[PDB]
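Raw data.txt, compact mmCIF, C-alpha atoms:
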# COMPACT_ATOMS: atom_id res chain seq x y z
CA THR A 1154 9.89 13.55 -31.60
CA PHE A 1155 7.14 13.07 -29.00
CA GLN A 1156 9.72 12.03 -26.39
CA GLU A 1157 11.92 15.05 -27.14
CA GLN A 1158 8.94 17.39 -26.79
CA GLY A 1159 8.17 15.64 -23.50
CA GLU A 1160 11.69 16.33 -22.18
CA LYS A 1161 11.19 20.10 -21.74
CA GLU A 1162 10.14 19.61 -18.08
CA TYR A 1163 13.16 21.43 -16.62
CA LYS A 1164 12.47 21.25 -12.89
CA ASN A 1165 15.85 19.57 -12.27
CA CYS A 1166 17.67 22.35 -10.42
CA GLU A 1167 18.28 19.98 -7.47
CA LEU A 1168 16.21 16.80 -8.05
CA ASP A 1169 16.06 14.44 -11.01
CA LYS A 1170 13.04 12.77 -12.63
CA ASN A 1171 12.88 9.96 -10.04
CA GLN A 1172 12.64 12.46 -7.17
CA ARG A 1173 9.92 14.23 -9.21
CA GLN A 1174 8.06 10.92 -9.47
CA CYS A 1175 8.46 9.25 -6.07
CA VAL A 1176 8.31 12.26 -3.71
CA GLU A 1177 5.12 13.60 -5.34
CA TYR A 1178 3.22 10.55 -4.05
CA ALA A 1179 3.99 11.75 -0.51
CA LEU A 1180 2.24 15.12 -0.89
CA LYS A 1181 -1.06 13.66 -2.12
CA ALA A 1182 -1.68 10.55 -0.04
CA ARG A 1183 -4.25 9.17 2.40
CA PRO A 1184 -4.29 5.90 4.38
CA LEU A 1185 -7.39 3.76 3.91
CA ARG A 1186 -8.54 1.46 6.71
CA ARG A 1187 -9.88 -2.11 6.66
CA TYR A 1188 -13.30 -1.67 8.36
CA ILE A 1189 -12.91 -4.08 11.27
CA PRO A 1190 -16.40 -5.04 12.50
CA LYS A 1191 -17.56 -5.74 16.06
CA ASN A 1192 -19.72 -8.32 17.85
CA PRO A 1193 -17.35 -11.29 17.36
CA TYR A 1194 -20.49 -13.38 16.83
CA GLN A 1195 -20.03 -11.87 13.34
CA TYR A 1196 -16.20 -11.60 13.35
CA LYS A 1197 -16.08 -15.42 13.40
CA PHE A 1198 -17.23 -15.35 9.77
CA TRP A 1199 -14.97 -12.38 8.95
CA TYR A 1200 -11.85 -14.25 10.05
CA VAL A 1201 -12.90 -17.24 7.93
CA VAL A 1202 -13.56 -15.20 4.78
CA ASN A 1203 -10.30 -13.38 4.10
CA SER A 1204 -7.70 -16.15 4.23
CA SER A 1205 -5.06 -17.75 2.03
CA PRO A 1206 -6.90 -21.11 2.01
CA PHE A 1207 -10.25 -19.46 1.27
CA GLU A 1208 -9.27 -17.30 -1.70
CA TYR A 1209 -7.26 -20.10 -3.32
CA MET A 1210 -10.14 -22.59 -3.18
CA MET A 1211 -12.60 -19.89 -4.27
CA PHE A 1212 -10.29 -18.85 -7.12
CA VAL A 1213 -9.89 -22.49 -8.13
CA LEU A 1214 -13.64 -22.94 -8.41
CA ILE A 1215 -13.72 -20.21 -11.04
CA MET A 1216 -11.02 -22.07 -12.95
CA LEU A 1217 -13.22 -25.17 -12.66
CA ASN A 1218 -16.36 -23.27 -13.69
CA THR A 1219 -14.50 -21.87 -16.71
CA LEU A 1220 -13.39 -25.39 -17.67
CA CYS A 1221 -17.01 -26.55 -17.34
CA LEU A 1222 -18.16 -23.66 -19.55
CA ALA A 1223 -15.44 -24.49 -22.12
CA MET A 1224 -16.59 -28.03 -23.01
CA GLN A 1225 -19.96 -27.52 -24.74
CA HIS A 1226 -19.40 -28.90 -28.24
CA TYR A 1227 -21.71 -29.41 -31.21
CA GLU A 1228 -24.35 -32.17 -31.23
CA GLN A 1229 -23.44 -33.23 -27.70
CA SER A 1230 -25.09 -36.30 -26.22
CA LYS A 1231 -28.26 -35.92 -24.17
CA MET A 1232 -26.57 -37.37 -21.08
CA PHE A 1233 -23.67 -34.93 -21.52
CA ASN A 1234 -26.07 -32.00 -21.86
CA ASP A 1235 -27.98 -33.05 -18.74
CA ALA A 1236 -24.73 -33.57 -16.80
CA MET A 1237 -23.54 -30.08 -17.71
CA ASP A 1238 -26.96 -28.59 -16.91
CA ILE A 1239 -26.90 -30.10 -13.41
CA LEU A 1240 -23.21 -29.24 -12.95
CA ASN A 1241 -23.92 -25.57 -13.65
CA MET A 1242 -26.41 -25.72 -10.77
CA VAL A 1243 -23.62 -26.88 -8.46
CA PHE A 1244 -21.39 -23.92 -9.33
CA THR A 1245 -24.31 -21.49 -9.10
CA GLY A 1246 -25.13 -22.82 -5.63
CA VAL A 1247 -21.51 -22.59 -4.50
CA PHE A 1248 -21.27 -18.98 -5.69
CA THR A 1249 -24.58 -18.00 -4.05
CA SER B 1490 -2.24 0.49 7.89
CA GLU B 1491 -1.83 -3.07 9.24
CA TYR B 1492 -1.71 -1.77 12.82
CA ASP B 1493 -3.78 1.31 11.99
CA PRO B 1494 -7.55 0.81 12.44
CA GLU B 1495 -8.73 4.14 10.98
CA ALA B 1496 -7.50 7.22 9.11
CA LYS B 1497 -7.27 9.51 12.15
CA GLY B 1498 -3.82 10.78 11.28
CA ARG B 1499 -1.41 9.83 14.06
CA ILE B 1500 -1.00 6.17 14.99
CA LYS B 1501 0.77 4.20 17.74
CA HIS B 1502 4.59 4.28 17.66
CA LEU B 1503 5.02 1.17 19.85
CA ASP B 1504 5.14 -1.33 16.97
CA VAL B 1505 7.01 0.78 14.40
CA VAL B 1506 10.01 -1.59 14.41
CA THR B 1507 7.77 -4.62 13.83
CA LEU B 1508 5.97 -2.70 11.07
CA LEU B 1509 9.28 -1.90 9.36
CA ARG B 1510 10.49 -5.50 9.68
CA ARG B 1511 7.78 -6.64 7.25
CA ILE B 1512 9.01 -4.19 4.58
CA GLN B 1513 11.43 -5.19 1.83
CA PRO B 1514 15.09 -4.12 2.06
CA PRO B 1515 14.79 -1.47 -0.71
CA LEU B 1516 12.26 0.52 1.35
CA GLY B 1517 12.72 -0.98 4.82
CA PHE B 1518 15.98 -2.19 6.35
CA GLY B 1519 18.26 -5.17 5.86
CA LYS B 1520 17.41 -8.73 6.80
CA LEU B 1521 19.81 -8.50 9.77
CA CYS B 1522 18.68 -7.83 13.33
CA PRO B 1523 17.03 -4.42 13.85
CA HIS B 1524 18.99 -4.01 17.11
CA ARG B 1525 22.00 -2.60 15.21
CA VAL B 1526 20.60 -0.91 12.09
CA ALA B 1527 16.93 -0.09 12.62
CA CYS B 1528 17.13 0.76 16.33
CA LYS B 1529 19.81 3.42 15.82
CA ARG B 1530 18.50 4.61 12.45
CA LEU B 1531 14.99 5.29 13.81
CA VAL B 1532 16.53 8.01 15.99
CA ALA B 1533 19.27 8.91 13.47
CA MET B 1534 17.24 11.16 11.17
CA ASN B 1535 14.78 13.93 12.04
CA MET B 1536 11.28 13.22 13.34
CA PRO B 1537 8.32 15.40 14.33
CA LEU B 1538 8.47 15.47 18.14
CA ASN B 1539 4.80 14.83 18.86
CA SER B 1540 3.45 12.94 21.89
CA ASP B 1541 4.80 9.53 22.87
CA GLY B 1542 2.28 7.42 20.96
CA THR B 1543 1.12 9.86 18.26
CA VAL B 1544 3.10 9.61 15.01
CA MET B 1545 1.37 10.43 11.75
CA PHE B 1546 1.71 8.68 8.39
CA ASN B 1547 2.69 11.57 6.10
CA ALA B 1548 5.76 12.34 8.23
CA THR B 1549 7.02 8.74 8.34
CA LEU B 1550 6.52 7.90 4.67
CA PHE B 1551 8.06 11.25 3.70
CA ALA B 1552 10.96 10.58 6.08
CA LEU B 1553 11.60 7.20 4.46
CA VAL B 1554 11.37 8.75 0.98
CA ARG B 1555 13.93 11.41 1.94
CA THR B 1556 16.16 8.75 3.53
CA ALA B 1557 16.05 6.61 0.38
CA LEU B 1558 17.82 9.16 -1.85
CA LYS B 1559 19.48 12.59 -1.56
CA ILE B 1560 19.86 12.23 2.19
CA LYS B 1561 20.98 15.46 3.85
CA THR B 1562 22.73 16.08 7.16
CA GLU B 1563 21.44 18.06 10.14
CA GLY B 1564 21.14 21.85 10.12
CA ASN B 1565 20.00 22.15 6.49
CA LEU B 1566 16.61 20.50 7.05
CA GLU B 1567 14.93 23.77 6.05
CA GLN B 1568 16.74 23.50 2.70
CA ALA B 1569 14.47 20.55 1.88
CA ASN B 1570 11.33 22.62 2.48
CA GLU B 1571 12.87 25.48 0.49
CA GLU B 1572 13.39 23.07 -2.42
CA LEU B 1573 9.79 21.84 -2.11
CA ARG B 1574 8.47 25.41 -2.13
CA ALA B 1575 10.75 26.28 -5.07
CA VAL B 1576 10.40 23.12 -7.22
CA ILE B 1577 7.67 20.84 -5.87
CA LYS B 1578 4.03 21.73 -6.53
CA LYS B 1579 1.61 23.61 -4.28
CA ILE B 1580 2.01 22.52 -0.67
CA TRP B 1581 -1.57 23.51 0.28
CA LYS B 1582 -0.21 24.40 3.75
CA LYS B 1583 0.24 20.66 4.40
CA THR B 1584 4.05 20.82 4.73
CA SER B 1585 4.03 23.04 7.83
CA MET B 1586 4.06 19.96 10.07
CA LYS B 1587 6.32 18.00 7.70
CA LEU B 1588 8.92 20.79 7.93
CA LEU B 1589 9.87 19.69 11.45
So, in terms of structure tokens, how does the structure I just supplied come out?
Amino acid sequence: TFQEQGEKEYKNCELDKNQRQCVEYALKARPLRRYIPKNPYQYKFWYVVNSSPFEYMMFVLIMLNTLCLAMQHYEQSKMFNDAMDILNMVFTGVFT
Amino acid sequence: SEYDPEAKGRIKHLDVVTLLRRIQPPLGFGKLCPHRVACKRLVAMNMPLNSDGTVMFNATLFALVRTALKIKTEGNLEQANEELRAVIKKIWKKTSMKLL
């Protein structure tokens, strides 16, 4: 009953629903840029940052940090607690 | 926007073929050489005849959208704008350039 009430949009004198859904994106649209910087003394870092190899490694660290966060059990050994405490420092330093 | 540094409307037309090569077949062209399909098709339909290296985004994306489905022959190009002003929402005077 909701779908039938939603079918009363009778604008289909020449174009179907798909042309009323894909062509409308053309009327209201704007291209957004990428903000290329200058002074290649700084662009050297920019080129390094956004790369396939960079994101992957950086997105794998999160996976590793999540795995580290998902091992704290009950009544854990003192050496285990200290190891996790110093391992959290490593991830915090990498992210900073 | 890969070859477009800002949002100042018109952009260079020199690398349009290379831009279209990166697009998938459903929106772009076939995987074959552009020398037979894309080269002729770029001139086949209607374009806004602006300067040599000034072609704006809302006339190219709209052209590809109109080429995708319900393609119409020459002479009745104004019929498209009539349909937009009779069915499509408020143009906000933005379709004056897209008409040509």
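Counting all atoms listed in the file, the residue from B:1503, B:1491, B:1496, B:1515 that sits nearest to residue B:1557 is B:1515.
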Find the distance between atom CA of residue B:1559 and atom CA of residue A:1160 and write it in Å to one decimal.
22.4 Å
Could the residues of chain A that have an atom at most 7 Å from chain B be listed as CSV, each with its closest atom pair and the distance in Å to one decimal, counting all atoms listed in the file and ordered by chain and ascending residue number?
residue,atom,partner,partner_atom,distance
A:1164,CA,B:1576,CA,6.3
A:1176,CA,B:1554,CA,6.6
A:1179,CA,B:1551,CA,5.9
A:1184,CA,B:1496,CA,5.9
A:1185,CA,B:1496,CA,6.2
A:1186,CA,B:1495,CA,5.0
A:1187,CA,B:1494,CA,6.9
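With all atoms listed in the file as the atoms that count, the residue of A:1240, A:1202, A:1232, A:1180 with the shortest distance to residue A:1218 is A:1240.
You can rank B:1543, B:1513, B:1570, B:1556 by their closest distance to residue B:1531 using all atoms listed in the file, and at the top of that list sits B:1556.
If you look at atom CA of residue A:1189 and atom CA of residue A:1211, they are 22.2 Å away from each other.
Going from atom CA of residue A:1172 over to atom CA of residue B:1525, you cover 28.6 Å.
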Just the residues within 8 Å of residue B:1542, please, counting only C-alpha atoms, with nothing from its chain fewer than 5 positions along; format it as a PDB file with C-alpha atoms, keeping the file's coordinate frame.
ATOM      1  CA  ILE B1500      -1.000   6.170  14.990  1.00  0.00           C
ATOM      2  CA  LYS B1501       0.770   4.200  17.740  1.00  0.00           C
ATOM      3  CA  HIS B1502       4.590   4.280  17.660  1.00  0.00           C
ATOM      4  CA  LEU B1503       5.020   1.170  19.850  1.00  0.00           C
TER       5      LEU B1503
END
May I have the centre and edge lengths, in Å to one decimal, of an axis-aligned box around the listed atoms of stretch 1539-1553 of chain B with 4 Å added to every side, as JSON?
{"center_x": 6.4, "center_y": 11.0, "center_z": 13.3, "size_x": 18.5, "size_y": 15.6, "size_z": 27.2}
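Taking all atoms listed in the file into account, residue B:1541 lies nearest to B:1499 out of the set B:1499, B:1508, B:1565, B:1588.
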Skip residue A:1234 itself and residues of its chain fewer than 6 positions away, then list as JSON, numbers by chain all residues within 12 Å of it, counting all atoms listed in the file.
{"A": [1221, 1222, 1224, 1225, 1226, 1227, 1228, 1240, 1241]}
Since fewer atoms than expected are present, regenerate N, CA, C and O atoms for stretch 1222-1247 of chain A and write them as a PDB file, in the frame of the given file.
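Output file out.pdb follows:
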ATOM      1  N   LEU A1222     -17.565 -24.469 -18.497  1.00  0.00           N
ATOM      2  CA  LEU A1222     -18.160 -23.660 -19.550  1.00  0.00           C
ATOM      3  C   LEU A1222     -17.464 -23.838 -20.892  1.00  0.00           C
ATOM      4  O   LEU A1222     -18.051 -23.499 -21.926  1.00  0.00           O
ATOM      5  N   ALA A1223     -16.239 -24.359 -20.901  1.00  0.00           N
ATOM      6  CA  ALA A1223     -15.440 -24.490 -22.120  1.00  0.00           C
ATOM      7  C   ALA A1223     -15.431 -25.916 -22.662  1.00  0.00           C
ATOM      8  O   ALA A1223     -14.453 -26.332 -23.289  1.00  0.00           O
ATOM      9  N   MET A1224     -16.492 -26.693 -22.441  1.00  0.00           N
ATOM     10  CA  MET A1224     -16.590 -28.030 -23.010  1.00  0.00           C
ATOM     11  C   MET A1224     -17.838 -28.277 -23.844  1.00  0.00           C
ATOM     12  O   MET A1224     -17.969 -29.371 -24.403  1.00  0.00           O
ATOM     13  N   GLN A1225     -18.755 -27.317 -23.946  1.00  0.00           N
ATOM     14  CA  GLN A1225     -19.960 -27.520 -24.740  1.00  0.00           C
ATOM     15  C   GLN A1225     -19.634 -27.554 -26.224  1.00  0.00           C
ATOM     16  O   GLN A1225     -19.338 -26.518 -26.826  1.00  0.00           O
ATOM     17  N   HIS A1226     -19.683 -28.741 -26.822  1.00  0.00           N
ATOM     18  CA  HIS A1226     -19.400 -28.900 -28.240  1.00  0.00           C
ATOM     19  C   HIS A1226     -20.698 -29.043 -29.029  1.00  0.00           C
ATOM     20  O   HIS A1226     -21.803 -28.906 -28.499  1.00  0.00           O
ATOM     21  N   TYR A1227     -20.561 -29.318 -30.323  1.00  0.00           N
ATOM     22  CA  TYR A1227     -21.710 -29.410 -31.210  1.00  0.00           C
ATOM     23  C   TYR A1227     -22.295 -30.815 -31.181  1.00  0.00           C
ATOM     24  O   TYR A1227     -21.555 -31.804 -31.147  1.00  0.00           O
ATOM     25  N   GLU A1228     -23.627 -30.896 -31.202  1.00  0.00           N
ATOM     26  CA  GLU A1228     -24.350 -32.170 -31.230  1.00  0.00           C
ATOM     27  C   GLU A1228     -23.924 -33.068 -30.066  1.00  0.00           C
ATOM     28  O   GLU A1228     -23.685 -34.265 -30.230  1.00  0.00           O
ATOM     29  N   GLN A1229     -23.828 -32.474 -28.880  1.00  0.00           N
ATOM     30  CA  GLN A1229     -23.440 -33.230 -27.700  1.00  0.00           C
ATOM     31  C   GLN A1229     -24.545 -34.194 -27.291  1.00  0.00           C
ATOM     32  O   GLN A1229     -25.728 -33.977 -27.568  1.00  0.00           O
ATOM     33  N   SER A1230     -24.144 -35.277 -26.628  1.00  0.00           N
ATOM     34  CA  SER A1230     -25.090 -36.300 -26.220  1.00  0.00           C
ATOM     35  C   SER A1230     -26.063 -35.751 -25.179  1.00  0.00           C
ATOM     36  O   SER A1230     -25.767 -34.788 -24.464  1.00  0.00           O
ATOM     37  N   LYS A1231     -27.243 -36.371 -25.109  1.00  0.00           N
ATOM     38  CA  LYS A1231     -28.260 -35.920 -24.170  1.00  0.00           C
ATOM     39  C   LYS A1231     -27.786 -36.077 -22.726  1.00  0.00           C
ATOM     40  O   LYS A1231     -28.038 -35.209 -21.880  1.00  0.00           O
ATOM     41  N   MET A1232     -27.083 -37.171 -22.428  1.00  0.00           N
ATOM     42  CA  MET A1232     -26.570 -37.370 -21.080  1.00  0.00           C
ATOM     43  C   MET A1232     -25.502 -36.329 -20.749  1.00  0.00           C
ATOM     44  O   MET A1232     -25.435 -35.830 -19.622  1.00  0.00           O
ATOM     45  N   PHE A1233     -24.674 -35.968 -21.734  1.00  0.00           N
ATOM     46  CA  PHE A1233     -23.670 -34.930 -21.520  1.00  0.00           C
ATOM     47  C   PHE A1233     -24.322 -33.581 -21.267  1.00  0.00           C
ATOM     48  O   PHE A1233     -23.904 -32.828 -20.378  1.00  0.00           O
ATOM     49  N   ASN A1234     -25.362 -33.260 -22.041  1.00  0.00           N
ATOM     50  CA  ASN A1234     -26.070 -32.000 -21.860  1.00  0.00           C
ATOM     51  C   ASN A1234     -26.720 -31.933 -20.482  1.00  0.00           C
ATOM     52  O   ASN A1234     -26.645 -30.909 -19.794  1.00  0.00           O
ATOM     53  N   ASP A1235     -27.360 -33.026 -20.059  1.00  0.00           N
ATOM     54  CA  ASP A1235     -27.980 -33.050 -18.740  1.00  0.00           C
ATOM     55  C   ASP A1235     -26.930 -32.949 -17.633  1.00  0.00           C
ATOM     56  O   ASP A1235     -27.141 -32.255 -16.630  1.00  0.00           O
ATOM     57  N   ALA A1236     -25.796 -33.636 -17.797  1.00  0.00           N
ATOM     58  CA  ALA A1236     -24.730 -33.570 -16.800  1.00  0.00           C
ATOM     59  C   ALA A1236     -24.206 -32.153 -16.657  1.00  0.00           C
ATOM     60  O   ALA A1236     -24.006 -31.663 -15.542  1.00  0.00           O
ATOM     61  N   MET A1237     -23.985 -31.469 -17.781  1.00  0.00           N
ATOM     62  CA  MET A1237     -23.540 -30.080 -17.710  1.00  0.00           C
ATOM     63  C   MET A1237     -24.609 -29.170 -17.121  1.00  0.00           C
ATOM     64  O   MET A1237     -24.285 -28.240 -16.373  1.00  0.00           O
ATOM     65  N   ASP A1238     -25.880 -29.417 -17.445  1.00  0.00           N
ATOM     66  CA  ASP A1238     -26.960 -28.590 -16.910  1.00  0.00           C
ATOM     67  C   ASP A1238     -27.040 -28.703 -15.396  1.00  0.00           C
ATOM     68  O   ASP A1238     -27.243 -27.706 -14.696  1.00  0.00           O
ATOM     69  N   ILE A1239     -26.887 -29.921 -14.867  1.00  0.00           N
ATOM     70  CA  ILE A1239     -26.900 -30.100 -13.410  1.00  0.00           C
ATOM     71  C   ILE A1239     -25.585 -29.709 -12.760  1.00  0.00           C
ATOM     72  O   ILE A1239     -25.570 -29.417 -11.557  1.00  0.00           O
ATOM     73  N   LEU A1240     -24.479 -29.695 -13.508  1.00  0.00           N
ATOM     74  CA  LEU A1240     -23.210 -29.240 -12.950  1.00  0.00           C
ATOM     75  C   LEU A1240     -23.148 -27.728 -12.848  1.00  0.00           C
ATOM     76  O   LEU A1240     -22.514 -27.198 -11.928  1.00  0.00           O
ATOM     77  N   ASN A1241     -23.797 -27.017 -13.772  1.00  0.00           N
ATOM     78  CA  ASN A1241     -23.920 -25.570 -13.650  1.00  0.00           C
ATOM     79  C   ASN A1241     -24.679 -25.178 -12.392  1.00  0.00           C
ATOM     80  O   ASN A1241     -24.360 -24.158 -11.767  1.00  0.00           O
ATOM     81  N   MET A1242     -25.678 -25.976 -12.009  1.00  0.00           N
ATOM     82  CA  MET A1242     -26.410 -25.720 -10.770  1.00  0.00           C
ATOM     83  C   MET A1242     -25.488 -25.791  -9.566  1.00  0.00           C
ATOM     84  O   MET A1242     -25.622 -25.006  -8.623  1.00  0.00           O
ATOM     85  N   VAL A1243     -24.545 -26.737  -9.576  1.00  0.00           N
ATOM     86  CA  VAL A1243     -23.620 -26.880  -8.460  1.00  0.00           C
ATOM     87  C   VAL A1243     -22.777 -25.623  -8.292  1.00  0.00           C
ATOM     88  O   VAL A1243     -22.638 -25.082  -7.189  1.00  0.00           O
ATOM     89  N   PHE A1244     -22.208 -25.131  -9.397  1.00  0.00           N
ATOM     90  CA  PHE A1244     -21.390 -23.920  -9.330  1.00  0.00           C
ATOM     91  C   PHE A1244     -22.219 -22.706  -8.950  1.00  0.00           C
ATOM     92  O   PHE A1244     -21.752 -21.860  -8.174  1.00  0.00           O
ATOM     93  N   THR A1245     -23.441 -22.598  -9.477  1.00  0.00           N
ATOM     94  CA  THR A1245     -24.310 -21.490  -9.100  1.00  0.00           C
ATOM     95  C   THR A1245     -24.607 -21.516  -7.604  1.00  0.00           C
ATOM     96  O   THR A1245     -24.564 -20.476  -6.936  1.00  0.00           O
ATOM     97  N   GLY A1246     -24.899 -22.700  -7.061  1.00  0.00           N
ATOM     98  CA  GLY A1246     -25.130 -22.820  -5.630  1.00  0.00           C
ATOM     99  C   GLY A1246     -23.919 -22.476  -4.801  1.00  0.00           C
ATOM    100  O   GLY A1246     -24.039 -21.807  -3.772  1.00  0.00           O
ATOM    101  N   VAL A1247     -22.735 -22.922  -5.229  1.00  0.00           N
ATOM    102  CA  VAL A1247     -21.510 -22.590  -4.500  1.00  0.00           C
ATOM    103  C   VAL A1247     -21.294 -21.084  -4.480  1.00  0.00           C
ATOM    104  O   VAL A1247     -20.968 -20.502  -3.439  1.00  0.00           O
TER     105      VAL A1247
END
